[PDB]
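Below is the file upload.cif, which contains mmCIF, C-alpha atoms and all ligand atoms.
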```
data_data
#
loop_
_atom_site.label_atom_id
_atom_site.label_comp_id
_atom_site.auth_asym_id
_atom_site.auth_seq_id
_atom_site.Cartn_x
_atom_site.Cartn_y
_atom_site.Cartn_z
CA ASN V 589 79.06 -62.55 0.97
CA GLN V 590 77.63 -59.05 0.90
CA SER V 591 77.33 -55.87 -1.13
CA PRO V 592 75.35 -52.92 0.33
CA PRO V 593 72.46 -51.48 -1.70
CA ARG V 594 73.57 -48.90 -4.21
CA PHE V 595 71.80 -45.65 -5.02
CA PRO V 596 71.80 -44.84 -8.75
CA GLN V 597 73.68 -41.55 -8.14
CA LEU V 598 75.82 -40.67 -5.13
CA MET V 599 74.55 -37.05 -5.07
CA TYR V 600 71.21 -35.55 -6.20
CA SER V 601 70.16 -31.92 -6.87
CA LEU V 602 66.66 -30.49 -7.06
CA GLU V 603 64.70 -27.22 -7.22
CA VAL V 604 61.37 -26.85 -5.44
CA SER V 605 59.11 -23.83 -5.44
CA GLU V 606 58.20 -22.43 -2.04
CA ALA V 607 54.54 -22.60 -3.12
CA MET V 608 54.68 -26.36 -3.77
CA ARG V 609 51.82 -28.32 -2.16
CA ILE V 610 52.13 -30.57 0.86
CA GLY V 611 52.24 -34.19 -0.26
CA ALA V 612 53.79 -33.45 -3.63
CA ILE V 613 56.32 -35.99 -4.85
CA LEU V 614 59.83 -34.52 -5.14
CA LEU V 615 62.29 -37.28 -5.95
CA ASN V 616 62.53 -41.04 -6.46
CA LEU V 617 65.72 -42.23 -4.80
CA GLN V 618 65.17 -45.97 -4.57
CA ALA V 619 68.24 -48.22 -4.65
CA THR V 620 68.68 -51.91 -5.50
CA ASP V 621 70.40 -54.74 -3.59
CA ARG V 622 72.25 -57.15 -5.93
CA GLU V 623 71.27 -60.21 -3.80
CA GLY V 624 67.53 -59.23 -3.75
CA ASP V 625 67.17 -58.04 -0.10
CA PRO V 626 64.47 -55.67 1.24
CA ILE V 627 65.71 -52.08 1.69
CA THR V 628 65.02 -49.41 4.38
CA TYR V 629 65.32 -45.69 3.51
CA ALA V 630 65.74 -42.86 6.04
CA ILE V 631 66.82 -39.20 6.15
CA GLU V 632 69.77 -39.42 8.56
CA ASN V 633 70.50 -35.69 8.74
CA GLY V 634 69.92 -32.35 7.06
CA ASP V 635 66.23 -31.88 7.82
CA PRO V 636 65.86 -30.86 11.47
CA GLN V 637 62.39 -29.44 11.15
CA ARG V 638 61.13 -32.56 9.37
CA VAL V 639 59.95 -30.73 6.26
CA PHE V 640 60.40 -33.67 3.95
CA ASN V 641 58.99 -37.19 4.12
CA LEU V 642 61.05 -40.13 2.80
CA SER V 643 59.02 -43.36 2.59
CA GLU V 644 60.61 -46.10 4.68
CA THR V 645 59.69 -48.82 2.21
CA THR V 646 59.15 -47.13 -1.16
CA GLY V 647 62.05 -44.69 -1.54
CA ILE V 648 59.84 -41.82 -2.65
CA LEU V 649 60.77 -38.37 -1.23
CA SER V 650 57.72 -36.10 -0.82
CA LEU V 651 57.12 -32.76 0.86
CA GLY V 652 55.64 -33.02 4.39
CA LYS V 653 55.35 -29.40 5.52
CA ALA V 654 55.05 -26.05 3.78
CA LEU V 655 58.26 -24.37 2.62
CA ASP V 656 59.33 -20.73 2.81
CA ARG V 657 62.43 -19.40 1.11
CA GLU V 658 62.55 -16.26 3.21
CA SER V 659 63.28 -18.56 6.20
CA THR V 660 65.21 -21.34 4.45
CA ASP V 661 66.24 -21.43 0.77
CA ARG V 662 68.51 -24.50 0.83
CA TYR V 663 68.62 -28.00 2.35
CA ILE V 664 71.32 -30.70 2.30
CA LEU V 665 69.71 -34.06 3.14
CA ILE V 666 71.86 -37.03 4.05
CA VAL V 667 69.81 -40.09 3.00
CA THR V 668 70.53 -43.79 3.67
CA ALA V 669 69.41 -47.09 2.16
CA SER V 670 70.16 -50.19 4.29
CA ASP V 671 69.60 -53.97 3.84
CA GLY V 672 69.93 -55.06 7.50
CA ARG V 673 73.49 -56.45 7.70
CA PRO V 674 76.14 -55.07 10.20
CA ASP V 675 77.56 -52.82 7.46
CA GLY V 676 75.07 -53.12 4.59
CA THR V 677 74.00 -49.49 4.65
CA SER V 678 74.95 -46.83 2.05
CA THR V 679 74.78 -43.00 1.98
CA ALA V 680 73.63 -40.54 -0.69
CA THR V 681 73.16 -36.81 -0.40
CA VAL V 682 70.22 -34.85 -1.74
CA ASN V 683 70.86 -31.11 -2.24
CA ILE V 684 67.60 -29.08 -2.34
CA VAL V 685 67.16 -25.44 -3.49
CA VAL V 686 63.97 -23.46 -2.86
CA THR V 687 62.85 -21.06 -5.61
CA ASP V 688 60.99 -17.80 -5.12
CA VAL V 689 57.35 -16.79 -5.37
CA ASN V 690 56.10 -13.17 -4.92
CA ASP V 691 54.34 -13.80 -1.57
CA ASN V 692 55.57 -10.61 0.19
CA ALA V 693 54.74 -6.90 -0.11
CA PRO V 694 57.18 -4.05 0.35
CA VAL V 695 57.32 -2.76 3.93
CA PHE V 696 58.42 0.74 4.94
CA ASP V 697 61.21 1.18 7.49
CA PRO V 698 59.14 2.29 10.45
CA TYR V 699 62.11 4.14 12.04
CA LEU V 700 62.86 6.75 9.36
CA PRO V 701 61.15 10.13 9.90
CA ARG V 702 57.59 10.81 8.77
CA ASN V 703 57.33 14.47 9.86
CA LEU V 704 59.28 16.46 7.20
CA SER V 705 59.90 20.12 6.27
CA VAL V 706 60.55 22.16 3.19
CA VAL V 707 60.88 25.91 2.71
CA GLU V 708 58.27 27.82 0.63
CA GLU V 709 58.89 29.55 -2.74
CA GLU V 710 61.50 26.89 -3.67
CA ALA V 711 61.18 24.13 -6.31
CA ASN V 712 63.32 21.02 -6.65
CA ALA V 713 63.84 21.33 -2.95
CA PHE V 714 64.79 18.24 -1.03
CA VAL V 715 61.93 17.30 1.30
CA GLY V 716 63.37 14.04 2.66
CA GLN V 717 63.82 10.33 1.83
CA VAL V 718 61.79 7.19 2.61
CA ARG V 719 62.75 3.59 1.94
CA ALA V 720 60.87 0.31 1.79
CA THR V 721 62.22 -3.23 1.44
CA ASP V 722 60.88 -6.49 0.10
CA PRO V 723 62.19 -9.93 1.14
CA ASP V 724 61.36 -11.70 -2.16
CA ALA V 725 64.03 -12.44 -4.78
CA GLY V 726 65.06 -10.74 -8.03
CA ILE V 727 62.36 -8.53 -9.53
CA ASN V 728 59.93 -9.78 -6.82
CA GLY V 729 61.78 -7.56 -4.32
CA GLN V 730 62.80 -4.61 -6.48
CA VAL V 731 60.85 -1.65 -5.07
CA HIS V 732 59.51 1.24 -7.18
CA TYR V 733 58.30 4.40 -5.41
CA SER V 734 55.35 6.60 -6.45
CA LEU V 735 53.10 9.31 -4.96
CA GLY V 736 49.37 8.67 -4.41
CA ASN V 737 48.42 12.38 -4.23
CA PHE V 738 49.80 15.95 -4.73
CA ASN V 739 51.56 14.78 -7.93
CA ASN V 740 51.58 18.31 -9.40
CA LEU V 741 53.44 19.59 -6.27
CA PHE V 742 55.88 16.72 -5.34
CA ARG V 743 57.93 14.15 -7.27
CA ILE V 744 59.66 11.02 -5.88
CA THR V 745 62.77 9.18 -7.19
CA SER V 746 63.87 5.50 -7.43
CA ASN V 747 66.11 5.99 -4.31
CA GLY V 748 63.04 7.15 -2.31
CA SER V 749 64.09 10.84 -2.26
CA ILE V 750 61.19 13.36 -2.43
CA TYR V 751 61.33 16.88 -3.98
CA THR V 752 59.08 19.87 -4.56
CA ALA V 753 57.99 19.98 -8.21
CA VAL V 754 56.96 23.66 -7.94
CA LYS V 755 57.44 26.71 -5.68
CA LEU V 756 55.10 26.08 -2.70
CA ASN V 757 53.21 28.85 -0.89
CA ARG V 758 52.71 28.71 2.89
CA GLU V 759 49.79 31.16 2.80
CA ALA V 760 47.97 28.87 0.36
CA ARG V 761 48.62 25.79 2.47
CA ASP V 762 51.11 24.78 5.21
CA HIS V 763 50.46 21.05 5.90
CA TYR V 764 50.41 18.17 3.38
CA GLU V 765 49.47 14.61 4.32
CA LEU V 766 51.46 13.11 1.39
CA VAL V 767 51.11 9.44 0.40
CA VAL V 768 53.95 7.27 -0.87
CA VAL V 769 53.45 3.97 -2.65
CA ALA V 770 56.11 1.27 -2.65
CA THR V 771 55.50 -1.39 -5.33
CA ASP V 772 57.54 -4.48 -6.22
CA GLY V 773 58.51 -5.11 -9.84
CA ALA V 774 56.96 -8.59 -9.94
CA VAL V 775 54.75 -9.91 -12.72
CA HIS V 776 51.82 -10.05 -10.26
CA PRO V 777 52.77 -7.01 -8.22
CA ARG V 778 52.17 -6.15 -4.55
CA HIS V 779 52.39 -2.74 -2.88
CA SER V 780 52.04 -0.90 0.40
CA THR V 781 51.57 2.75 1.40
CA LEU V 782 52.90 5.20 3.96
CA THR V 783 51.48 8.62 4.86
CA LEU V 784 54.00 11.45 5.46
CA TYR V 785 53.20 14.74 7.19
CA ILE V 786 55.02 17.54 5.36
CA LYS V 787 55.27 21.04 6.86
CA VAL V 788 55.94 24.24 4.89
CA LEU V 789 58.29 26.90 6.30
CA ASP V 790 58.92 30.45 5.08
CA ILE V 791 61.98 32.54 4.21
CA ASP V 792 61.90 35.40 6.78
CA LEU V 793 61.31 38.72 4.91
CA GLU V 794 58.00 38.81 2.89
CA CA V 801 57.50 -8.82 -3.27
CA CA V 802 59.03 -15.25 -1.54
K K V 803 57.48 -16.70 1.63
#
```

Could you show the structure in this file as structure tokens?
Amino acid sequence: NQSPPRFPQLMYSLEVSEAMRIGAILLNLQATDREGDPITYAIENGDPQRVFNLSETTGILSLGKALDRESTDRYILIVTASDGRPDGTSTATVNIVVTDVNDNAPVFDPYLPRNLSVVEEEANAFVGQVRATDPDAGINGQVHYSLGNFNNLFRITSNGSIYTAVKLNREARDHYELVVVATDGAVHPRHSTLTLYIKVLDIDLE
């Protein structure tokens, strides 16, 4: 009497870049009915924000809306092809994985202190620590710290910790508006900057 239409594979897998263009063709999951019927394809579940379009007649699966892997990096679509009959409808499952692009700069924790203090006449003295984070993946969110001024006076480490490079002298200067630069280790790198306000104190004798 009846066989339902059969998808080639009963489970698909697929990478898509988050930068992929709207309208781009992602997968061809057309089935065939052995008694030549017309077939109707629909995404039953797995795509609540309607990111993907699955042609009702063709079978083609394209991208409908823009992706972002910082919001969603994975989808599990439940697709169906049906012929019309009471139970002439079959189910496959597409498994989609979104891959990274470096579309995000480091961002400094706004809650850590900016106003810092270090004693004078002391070198390799701990001034304080900053931190910045990047939501991108792998090297695209590895953050490298550097100083944008006073490089002869202060050094900064990979863990964000800042030190005096040399004995400072309050009488020479007591405030420093230091600048820190967080940069991601991506091939096409992005960065941001934070100004600190460092104050010099003195040992109390002379
Ligand atoms: Ca980044
Ligand atoms: Ca990204
Ligand atoms: K993104």

Given a cut-off of 10 Å, what residues near ligand CA 801 (chain V) show up using all atoms listed in the file, put as a PyMOL selection string?
chain V and resi 688-695+721-731+771-779

6 Å shell around ligand K 803 (chain V) using all atoms listed in the file, listed as a PyMOL selection string:
chain V and resi 656-658+691

Non-local contacts of residue 663 (chain V) (9 Å; only C-alpha atoms; under 5 positions in same chain excluded) as number ranges by chain:
V: 634-635, 682-686

Using all atoms listed in the file, pick whichever of V:757, V:739, V:687, V:650 has the shortest atom-to-atom distance to residue 791 (chain V).
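Ranking V:757, V:739, V:687, V:650 by distance to residue 791 (chain V), first place goes to V:757.
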
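Distances here use only C-alpha atoms; by that measure, the residue among V:786, V:680, V:711, V:639 closest to residue 610 (chain V) is V:639.
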
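Going from CA of residue 601 (chain V) to CA of residue 670 (chain V) covers 21.4 Å.
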
Give me the residues near residue 628 (chain V) as number ranges by chain, where near means some atom within 6 Å (using all atoms listed in the file) and where sequence neighbours in that chain fewer than 5 positions away do not count.
V: 644-645, 669-670

Using CA of residue 630 (chain V) and CA of residue 642 (chain V) as the two end points, give the distance in Å to one decimal.
6.3 Å

Using all atoms listed in the file, pick whichever of V:756, V:782, V:598, V:665 has the shortest atom-to-atom distance to residue 713 (chain V).
V:756

Residues near residue 672 (chain V), anyone? I mean within 10 Å using all atoms listed in the file, not counting same-chain ones fewer than 5 positions away, as a ChimeraX atom specification.
/V:592,625-628,677

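Distances from V:792, V:661, V:632, V:759 to ligand CA 802 (chain V) were compared using only C-alpha atoms and all ligand atoms, and the smallest one belongs to V:661.
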
Using all atoms listed in the file, which of the listed residues (V:607, V:767, V:600, V:678) sits closest to ligand CA 802 (chain V)?
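For ligand CA 802 (chain V), the nearest of the given residues is V:607.
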
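When all atoms listed in the file are used to measure the gap to residue 702 (chain V), the shortest distance among V:648, V:720, V:608, V:784 belongs to V:784.
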
To one decimal in Å, tell me the separation between CA of residue 593 (chain V) and CA of residue 681 (chain V).
14.7 Å
